[PDB]
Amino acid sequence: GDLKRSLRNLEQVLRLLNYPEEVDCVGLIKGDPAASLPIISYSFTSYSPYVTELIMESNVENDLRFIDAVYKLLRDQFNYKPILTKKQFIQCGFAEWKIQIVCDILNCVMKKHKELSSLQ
């Protein structure tokens, strides 16, 4: 857990994703899930038309179900198992690890888009 490293990884990843919204810096540092969910949500709904078509085809979304759906999506479609459990993510703490999971999810979305746009 290195807060500075994780935040710098997120800045670089948000830059590559062209995330257009303002980021809740205070919430991320405090490990608040509410600061991570809008970023993950944006990458699923608004980043790529190919990634978003795949996601909207299976599951549909108060975000207690949102965390469960994201975990199932990452396991099935992106072959990603987050480091924290579903309850370690919903509870406050492990801030550096939640930040890196956002970076990982966003890297999965972007590598999935590059792969899907290729075979078209």
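For every residue, the number given is its place in the sequence shown, counted from 1.
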Residues of the deposited sequence left unbuilt between residue 62 and residue 61
4 to 9
Given 26-34 and 49-57, the range whose Cα B-factors average higher in the PDB entry:
49-57
Which of the two stretches, 37-45 or 63-71, shows the higher mean Cα temperature factor in the record?
63-71
Ranking the modelled residues of this chain by C-alpha B-factor as given in the entry, is residue 114 in the lowest, middle or highest third?
highest
